Amino acid sequence: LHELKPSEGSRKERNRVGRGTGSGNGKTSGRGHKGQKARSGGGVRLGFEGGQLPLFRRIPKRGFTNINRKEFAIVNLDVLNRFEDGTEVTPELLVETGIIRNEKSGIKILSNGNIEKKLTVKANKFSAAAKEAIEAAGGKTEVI
Amino acid sequence: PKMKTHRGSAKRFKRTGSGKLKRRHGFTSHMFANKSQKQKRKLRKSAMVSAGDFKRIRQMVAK
Amino acid sequence: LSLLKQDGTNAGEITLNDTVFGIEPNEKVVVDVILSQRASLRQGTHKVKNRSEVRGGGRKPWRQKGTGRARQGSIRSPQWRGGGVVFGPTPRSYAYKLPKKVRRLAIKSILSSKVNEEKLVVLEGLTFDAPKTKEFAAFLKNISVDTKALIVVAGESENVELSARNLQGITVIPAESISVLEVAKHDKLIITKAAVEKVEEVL
Amino acid sequence: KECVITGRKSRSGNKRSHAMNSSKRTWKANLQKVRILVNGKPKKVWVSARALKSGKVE
RNA sequence: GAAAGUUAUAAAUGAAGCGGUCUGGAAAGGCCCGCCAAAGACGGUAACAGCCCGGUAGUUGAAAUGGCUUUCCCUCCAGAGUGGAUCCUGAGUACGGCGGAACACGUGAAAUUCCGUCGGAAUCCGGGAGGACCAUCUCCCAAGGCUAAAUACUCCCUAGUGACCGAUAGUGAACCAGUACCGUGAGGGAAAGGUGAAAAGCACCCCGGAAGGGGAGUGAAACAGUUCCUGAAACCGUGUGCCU
RNA sequence: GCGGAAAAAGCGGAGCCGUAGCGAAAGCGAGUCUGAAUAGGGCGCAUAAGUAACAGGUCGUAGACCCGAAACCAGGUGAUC
RNA sequence: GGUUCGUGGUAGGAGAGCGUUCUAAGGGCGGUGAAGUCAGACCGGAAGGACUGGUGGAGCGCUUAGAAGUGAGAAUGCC
Ligand SMILES: [Mg+2]
Ligand SMILES: [Mg+2]
Ligand SMILES: [Mg+2]
Ligand SMILES: [Mg+2]
Ligand SMILES: [Mg+2]
Ligand SMILES: [Mg+2]
Ligand SMILES: [Mg+2]
Ligand SMILES: [Mg+2]
Ligand SMILES: [Mg+2]
Ligand SMILES: [Mg+2]
Ligand SMILES: [Mg+2]
Ligand SMILES: [Mg+2]
Ligand SMILES: [Mg+2]
Ligand SMILES: [Mg+2]
Ligand SMILES: [Mg+2]
Ligand SMILES: [Mg+2]
Ligand SMILES: [Mg+2]
Ligand SMILES: [Mg+2]
Ligand SMILES: [Mg+2]
Ligand SMILES: [Mg+2]
Ligand SMILES: [Mg+2]
Ligand SMILES: [Mg+2]
Ligand SMILES: [Mg+2]
Ligand SMILES: [Mg+2]
Ligand SMILES: [Mg+2]
Ligand SMILES: [Mg+2]
Ligand SMILES: [Mg+2]
Ligand SMILES: [Mg+2]
Ligand SMILES: [Mg+2]
Ligand SMILES: [Mg+2]
Ligand SMILES: [Mg+2]
Ligand SMILES: [Mg+2]
Ligand SMILES: [Mg+2]
Ligand SMILES: [Mg+2]
Ligand SMILES: [Mg+2]
Ligand SMILES: [Mg+2]
């Protein structure tokens, strides 16, 4: 406790402005001379352009949010190699293994990478490619 | 307190995979008799937010 | 390492688990956790009165122009003798925790560091028929402790806390409460075999 | 100044211009001075037109 | 209404060094020896004390009053099933128009809730809601009331804590302060802590009307002398080495 | 949040960020949108790294580096001038 | 460890540091005189640090780390 040396570079000394001209941050304390940005609490609001119409107001609003939107949890094939040949792969199995933690709307299988094990996968949805790649190996896809 | 998203910007920009902002073109409501068909085809597509503008507005739409 | 009895005689030898008392110490992690634990002890009960909170003020002391004096807005403006403080302490918490795995690495590392320095002594058991500090001081002379020492027991051991309550360097804790800062604050670490099992059960 | 039956009385809210300027105003009850028997004894009290509607006796 | 238990409101008891030497005005300090410790908290004591004092841990304690907890007394008490012939199930209400407001929701496509005004149902085959609205389905039964806990705050009390302040700070206020003072009044609102361990607070003599001083004396110190720890700078003087 | 000493752990996986993007959206998915298109092009992928905590820098909301108006509004006090 | 090219500087960016109060740990000083204060012809590249002597009469350094009411010559600043 009398020779604590914190990790080198992990801590730096904060910069104190307005403590003399030797520091280089004396007097104007980094703000330069006068104008709105030299004042206490001074500074125009974020995207303000000094009266030029702000970018966001030059360009139109687009689209809407679907109330009934369905986002699925994605499981690319390469992660199904984690399972042992012959095994059927359900949602609840993908939870226990910790490949998906939250199952939004449901589980979709996509075809990224490549599969090796003859699984009997069942998920809520399938990429045409994923379905053509599970079978290609020698497995049955059923939708739930 | 949490930063507030600028809601006007949220209705107009979209964030891309790489983290850039996608936007739409302005001159895309009426006064179409003025513009040429070429002009219309171009305006109809999306654009990216410019480097300078991104620097200005990125905190407004963080989240 | 070697297992000795309360009296001080050799009882045998115990094999400490080599994932708890055998890992390469991460000094950087230990320092981080020690700082966090010292920062979490802080009460942070400190306040000053800014110009709004100081009694009175309110009126302009004299008119803006014509008096030949500096313009002033309140007798409690911060450049005035009894005026508000400009920033200064506000009550806040200093507490923060590192992630669980770091806080575990830290306790494992500081333990391994006690073994690397022959600072950990392991007792078969540590019991007193009644609270008696004389008996406890006699015990420490048998072990040849002499310095500050943390004593870690776990049930079975009774009257130990009371026996050692009135010794200045010596601190006694159940095996559940073994913290980095408490081990750091103590040269020697005296732990019963019963305790060792409890500490290995957690780490 | 309130309906003795229902408790109706002045409440405040906004007047609004076509331009949506707001200024405070009240809504008064439609109170009428009438002779009714409060505790058997008939005396003149404020009653709301709404309270007099159908039921109640003067 | 009783009783017993417990807590609070006073207290009691409570281990171990006059240890030997050094310095010192004084020892709690140094050096060298011991001892107690469920007590090495804190404070005081002529400098820094676990063993000098008040105490502390531990162990006891209440005539009286109040709080709480049990137990007794006392007071109070009907519950199942089976049938839907018939009856009842909150009316100027619910809803609606108009004008407002609350709803995150600015009248909007505006549900839901409330206010004023006017109009105004059905009422078990009945009624409401699911964000205009209709139909279906689902869930619910308004227009009557009560309801502890988890939550908010602190003028207070008790015990404590602080990488909070230390007299221009910290409360405005460490001091007879919301005082003095200012203002017709509402109201505004200060400054100002330290002799010494102990008054041992300077007998007596001398100059002086006194103030003040010089001796004498007390004290470790009086250049600690009743606004009296330290006593910086500005500023004011006296003396004189060099220069003018 | 429980347990605890204003501890330390342990428990707590609800949630959050990341692991996939494209599209206003239905949706499709290493692609997708546009499009009659197996065309071109946009954004993506091929060319994997994040997350937790602390520390520095800057920004936002807060008085937000400090002092300073004239004014405005609300409740009072004043016709002893 | 040496060669080569450099080393004026306002706003400003970057870096390394000095000192102040407080905490922790370690190690110390101090009635044979602590802090403070006064003086000096000493030491360090700077911020600064010692040493000796007077005054003072009880507390204070150093090391590593941590935390900040952390440094004043100007505000017609306040007292
Ligand atoms: Mg710096
Ligand atoms: Mg800088
Ligand atoms: Mg500069
Ligand atoms: Mg300057
Ligand atoms: Mg300037
Ligand atoms: Mg200029
Ligand atoms: Mg500028
Ligand atoms: Mg213009
Ligand atoms: Mg639109
Ligand atoms: Mg159009
Ligand atoms: Mg004020
Ligand atoms: Mg002048
Ligand atoms: Mg103050
Ligand atoms: Mg005693
Ligand atoms: Mg002597
Ligand atoms: Mg003394
Ligand atoms: Mg003392
Ligand atoms: Mg309705
Ligand atoms: Mg309406
Ligand atoms: Mg509203
Ligand atoms: Mg409806
Ligand atoms: Mg109506
Ligand atoms: Mg609906
Ligand atoms: Mg809605
Ligand atoms: Mg009903
Ligand atoms: Mg004061
Ligand atoms: Mg002082
Ligand atoms: Mg004096
Ligand atoms: Mg006006
Ligand atoms: Mg009057
Ligand atoms: Mg008159
Ligand atoms: Mg040069
Ligand atoms: Mg230079
Ligand atoms: Mg000091
Ligand atoms: Mg300061
Ligand atoms: Mg000055």
# chains A, B, ... in the order shown; residues from 1 in each chain; ligands from 1
call {"tool": "residues_near_ligand", "arguments": {"ligand": "ligand 20", "cutoff": "10 Å", "atoms": "only C-alpha atoms (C1' of nucleotides) and all ligand atoms", "output": "PyMOL selection string"}}
result
chain E and resi 101-106
call {"tool": "residues_near_ligand", "arguments": {"ligand": "ligand 30", "cutoff": "9 Å", "atoms": "only C-alpha atoms (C1' of nucleotides) and all ligand atoms", "output": "list in words"}}
result
residues 77, 78 and 79 of chain F
call {"tool": "write_last_selection", "arguments": {"atoms": "C-alpha atoms (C1' of nucleotides)", "output": "PDB file, in the first residue's frame"}}
result
ATOM      1  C1'   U F  77     -44.915  48.015   2.789  1.00  0.00           C
ATOM      2  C1'   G F  78     -45.621  53.159   2.442  1.00  0.00           C
ATOM      3  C1'   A F  79     -50.109  59.741   1.879  1.00  0.00           C
TER       4        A F  79
END
call {"tool": "interface_residues", "arguments": {"of": "chain C", "to": "chain F", "cutoff": "6 Å", "atoms": "only C-alpha atoms (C1' of nucleotides)", "output": "count of residues only"}}
result
5
call {"tool": "atom_distance", "arguments": {"atom1": "CA of residue 46 in chain A", "atom2": "CA of residue 45 in chain B"}}
result
27.7 Å
call {"tool": "atom_distance", "arguments": {"atom1": "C1' of residue 223 in chain E", "atom2": "atom 1 (Mg, counted along the ligand's line) of ligand 17"}}
result
25.9 Å
call {"tool": "residues_near_ligand", "arguments": {"ligand": "ligand 7", "cutoff": "12 Å", "atoms": "only C-alpha atoms (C1' of nucleotides) and all ligand atoms", "output": "list in words"}}
result
residues 28, 30, 31, 32, 33, 34, 35, 36, 37, 38, 39, 42 and 43 of chain A; 11 and 12 of chain G
call {"tool": "select_by_dssp", "arguments": {"residues": "chain B", "states": "helix (DSSP H, G or I)", "output": "list in words"}}
result
residues 7, 8, 9, 10, 37, 38, 39, 40, 41, 42, 43, 44, 51, 52, 53, 54, 55, 56, 57, 58, 59, 60 and 61 of chain B
call {"tool": "write_last_selection", "arguments": {"atoms": "C-alpha atoms", "output": "short mmCIF file (atom, residue, chain, number, x, y, z; two decimals), in the first residue's frame"}}
result
data_model
loop_
_atom_site.label_atom_id
_atom_site.label_comp_id
_atom_site.auth_asym_id
_atom_site.auth_seq_id
_atom_site.Cartn_x
_atom_site.Cartn_y
_atom_site.Cartn_z
CA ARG B 7 -36.05 14.53 -33.41
CA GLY B 8 -36.15 16.51 -36.64
CA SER B 9 -32.86 14.92 -37.70
CA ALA B 10 -34.06 11.47 -36.63
CA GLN B 37 -35.90 14.60 -66.13
CA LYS B 38 -32.20 13.93 -65.58
CA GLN B 39 -32.28 16.32 -62.63
CA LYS B 40 -35.30 14.48 -61.21
CA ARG B 41 -33.72 11.02 -61.53
CA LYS B 42 -30.71 12.23 -59.52
CA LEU B 43 -32.68 14.07 -56.82
CA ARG B 44 -34.91 11.02 -56.35
CA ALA B 51 -17.93 15.33 -43.87
CA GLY B 52 -18.26 18.91 -42.65
CA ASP B 53 -21.95 18.55 -41.81
CA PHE B 54 -21.34 15.24 -40.08
CA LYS B 55 -18.77 16.91 -37.82
CA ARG B 56 -21.39 19.54 -37.02
CA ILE B 57 -24.37 17.30 -36.32
CA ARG B 58 -23.08 13.92 -35.14
CA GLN B 59 -23.90 14.49 -31.44
CA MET B 60 -27.47 15.50 -32.34
CA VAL B 61 -28.23 12.00 -33.62
#
call {"tool": "interface_residues", "arguments": {"of": "chain C", "to": "chain E", "cutoff": "7 Å", "atoms": "only C-alpha atoms (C1' of nucleotides)", "output": "ChimeraX atom specification"}}
result
/C:43,45-47,55,81,131,133,162,166-168
call {"tool": "write_last_selection", "arguments": {"atoms": "C-alpha atoms", "output": "PDB file, in the first residue's frame"}}
result
ATOM      1  CA  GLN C  43     -18.384   9.479   2.656  1.00  0.00           C
ATOM      2  CA  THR C  45     -20.268  14.687   2.871  1.00  0.00           C
ATOM      3  CA  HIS C  46     -18.888  18.149   2.019  1.00  0.00           C
ATOM      4  CA  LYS C  47     -20.839  21.207   0.819  1.00  0.00           C
ATOM      5  CA  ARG C  55     -28.145  34.411   3.649  1.00  0.00           C
ATOM      6  CA  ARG C  81     -15.856  38.978   1.925  1.00  0.00           C
ATOM      7  CA  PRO C 131     -12.104 -14.436  25.375  1.00  0.00           C
ATOM      8  CA  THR C 133      -6.237 -11.249  24.783  1.00  0.00           C
ATOM      9  CA  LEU C 162     -13.104 -10.948  21.154  1.00  0.00           C
ATOM     10  CA  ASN C 166      -7.922  -5.103  21.672  1.00  0.00           C
ATOM     11  CA  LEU C 167      -4.670  -5.766  19.669  1.00  0.00           C
ATOM     12  CA  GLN C 168      -3.662  -2.755  17.518  1.00  0.00           C
TER      13      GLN C 168
END
call {"tool": "interface_residues", "arguments": {"of": "chain D", "to": "chain E", "cutoff": "8 Å", "atoms": "only C-alpha atoms (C1' of nucleotides)", "output": "VMD selection string"}}
result
chain D and resid 10 to 11 13 to 15 27 to 30 50 53 to 54
call {"tool": "residues_around", "arguments": {"residues": "residue 26 in chain F", "least_positions_apart": "6", "cutoff": "12 Å", "atoms": "only C-alpha atoms (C1' of nucleotides)", "output": "ChimeraX atom specification"}}
result
/A:66,68-70
call {"tool": "residues_around", "arguments": {"residues": "residue 17 in chain C", "least_positions_apart": "2", "cutoff": "10 Å", "atoms": "only C-alpha atoms (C1' of nucleotides)", "output": "list in words"}}
result
residues 14, 15, 19, 20, 21, 22, 23, 196, 197, 199, 200 and 203 of chain C
call {"tool": "residues_around", "arguments": {"residues": "range 26-43 of chain G", "least_positions_apart": "3", "cutoff": "7 Å", "atoms": "only C-alpha atoms (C1' of nucleotides)", "output": "MDAnalysis selection string"}}
result
(chainID A and resid 2) or (chainID E and resid 47) or (chainID G and resid 50 58:61)
call {"tool": "write_last_selection", "arguments": {"atoms": "N, CA, C and O atoms (P, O5', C5', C4', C3', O3' and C1' of nucleotides)", "output": "PDB file, in the first residue's frame"}}
result
ATOM      1  N   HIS A   2       2.153   1.175   0.315  1.00  0.00           N
ATOM      2  CA  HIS A   2       3.105   2.316   0.312  1.00  0.00           C
ATOM      3  C   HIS A   2       3.975   2.296  -0.947  1.00  0.00           C
ATOM      4  O   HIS A   2       4.893   3.127  -1.021  1.00  0.00           O
TER       5      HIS A   2
ATOM      6  P     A E  47       1.100  21.424  29.557  1.00  0.00           P
ATOM      7  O5'   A E  47       2.237  20.397  29.079  1.00  0.00           O
ATOM      8  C5'   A E  47       1.868  19.106  28.564  1.00  0.00           C
ATOM      9  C4'   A E  47       2.450  18.978  27.187  1.00  0.00           C
ATOM     10  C3'   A E  47       2.501  17.563  26.602  1.00  0.00           C
ATOM     11  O3'   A E  47       2.354  17.665  25.183  1.00  0.00           O
ATOM     12  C1'   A E  47       4.656  18.434  26.663  1.00  0.00           C
TER      13        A E  47
ATOM     14  P     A G  50      12.426  21.820   1.601  1.00  0.00           P
ATOM     15  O5'   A G  50      13.974  21.425   1.763  1.00  0.00           O
ATOM     16  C5'   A G  50      14.753  22.050   2.808  1.00  0.00           C
ATOM     17  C4'   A G  50      16.206  21.847   2.478  1.00  0.00           C
ATOM     18  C3'   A G  50      17.218  22.165   3.579  1.00  0.00           C
ATOM     19  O3'   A G  50      17.370  21.021   4.421  1.00  0.00           O
ATOM     20  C1'   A G  50      17.890  23.176   1.542  1.00  0.00           C
ATOM     21  P     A G  58       2.837  25.589  23.386  1.00  0.00           P
ATOM     22  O5'   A G  58       2.462  24.465  22.309  1.00  0.00           O
ATOM     23  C5'   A G  58       1.914  24.908  21.044  1.00  0.00           C
ATOM     24  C4'   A G  58       1.973  23.795  20.025  1.00  0.00           C
ATOM     25  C3'   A G  58       1.543  22.407  20.503  1.00  0.00           C
ATOM     26  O3'   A G  58       1.120  21.720  19.350  1.00  0.00           O
ATOM     27  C1'   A G  58       3.797  22.313  19.881  1.00  0.00           C
ATOM     28  P     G G  59      -0.423  21.302  19.311  1.00  0.00           P
ATOM     29  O5'   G G  59      -0.233  20.264  18.100  1.00  0.00           O
ATOM     30  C5'   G G  59      -0.163  20.756  16.740  1.00  0.00           C
ATOM     31  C4'   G G  59       1.261  20.952  16.276  1.00  0.00           C
ATOM     32  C3'   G G  59       1.610  20.302  14.933  1.00  0.00           C
ATOM     33  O3'   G G  59       0.996  20.995  13.863  1.00  0.00           O
ATOM     34  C1'   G G  59       3.377  19.994  16.422  1.00  0.00           C
ATOM     35  P     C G  60       0.586  20.075  12.608  1.00  0.00           P
ATOM     36  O5'   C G  60       2.030  19.771  11.985  1.00  0.00           O
ATOM     37  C5'   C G  60       2.800  20.901  11.553  1.00  0.00           C
ATOM     38  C4'   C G  60       4.104  20.421  10.979  1.00  0.00           C
ATOM     39  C3'   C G  60       3.986  19.458   9.797  1.00  0.00           C
ATOM     40  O3'   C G  60       3.600  20.228   8.660  1.00  0.00           O
ATOM     41  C1'   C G  60       5.600  18.674  11.316  1.00  0.00           C
ATOM     42  P     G G  61       3.441  19.376   7.309  1.00  0.00           P
ATOM     43  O5'   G G  61       5.005  19.143   7.014  1.00  0.00           O
ATOM     44  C5'   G G  61       5.417  18.097   6.102  1.00  0.00           C
ATOM     45  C4'   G G  61       6.915  17.972   6.190  1.00  0.00           C
ATOM     46  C3'   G G  61       7.582  17.076   5.146  1.00  0.00           C
ATOM     47  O3'   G G  61       7.930  17.831   3.984  1.00  0.00           O
ATOM     48  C1'   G G  61       8.256  16.410   7.314  1.00  0.00           C
TER      49        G G  61
END
call {"tool": "residues_near_ligand", "arguments": {"ligand": "ligand 25", "cutoff": "7 Å", "atoms": "only C-alpha atoms (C1' of nucleotides) and all ligand atoms", "output": "list in words"}}
result
residues 89, 141 and 142 of chain E
call {"tool": "write_last_selection", "arguments": {"atoms": "N, CA, C and O atoms (P, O5', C5', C4', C3', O3' and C1' of nucleotides)", "output": "PDB file, in the first residue's frame"}}
result
ATOM      1  P     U E  89     -82.070  -1.927 -10.169  1.00  0.00           P
ATOM      2  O5'   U E  89     -80.601  -2.516  -9.930  1.00  0.00           O
ATOM      3  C5'   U E  89     -79.876  -2.094  -8.761  1.00  0.00           C
ATOM      4  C4'   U E  89     -78.530  -2.762  -8.791  1.00  0.00           C
ATOM      5  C3'   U E  89     -77.663  -2.440 -10.007  1.00  0.00           C
ATOM      6  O3'   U E  89     -77.054  -1.171  -9.795  1.00  0.00           O
ATOM      7  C1'   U E  89     -77.590  -4.763  -9.525  1.00  0.00           C
ATOM      8  P     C E 141     -64.976  -6.580 -13.487  1.00  0.00           P
ATOM      9  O5'   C E 141     -66.151  -5.602 -13.967  1.00  0.00           O
ATOM     10  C5'   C E 141     -66.061  -4.216 -13.614  1.00  0.00           C
ATOM     11  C4'   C E 141     -67.360  -3.540 -13.969  1.00  0.00           C
ATOM     12  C3'   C E 141     -68.491  -3.627 -12.936  1.00  0.00           C
ATOM     13  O3'   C E 141     -69.101  -2.351 -12.979  1.00  0.00           O
ATOM     14  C1'   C E 141     -69.291  -4.357 -14.992  1.00  0.00           C
ATOM     15  P     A E 142     -69.439  -1.681 -11.565  1.00  0.00           P
ATOM     16  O5'   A E 142     -69.167  -0.160 -11.986  1.00  0.00           O
ATOM     17  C5'   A E 142     -67.797   0.257 -12.164  1.00  0.00           C
ATOM     18  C4'   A E 142     -67.778   1.668 -12.685  1.00  0.00           C
ATOM     19  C3'   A E 142     -68.717   2.650 -11.978  1.00  0.00           C
ATOM     20  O3'   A E 142     -68.013   3.305 -10.928  1.00  0.00           O
ATOM     21  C1'   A E 142     -69.050   2.758 -14.332  1.00  0.00           C
TER      22        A E 142
END
call {"tool": "residues_near_ligand", "arguments": {"ligand": "ligand 33", "cutoff": "12 Å", "atoms": "only C-alpha atoms (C1' of nucleotides) and all ligand atoms", "output": "ChimeraX atom specification"}}
result
/G:6-9
call {"tool": "atom_distance", "arguments": {"atom1": "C1' of residue 29 in chain F", "atom2": "CA of residue 107 in chain A"}}
result
13.2 Å
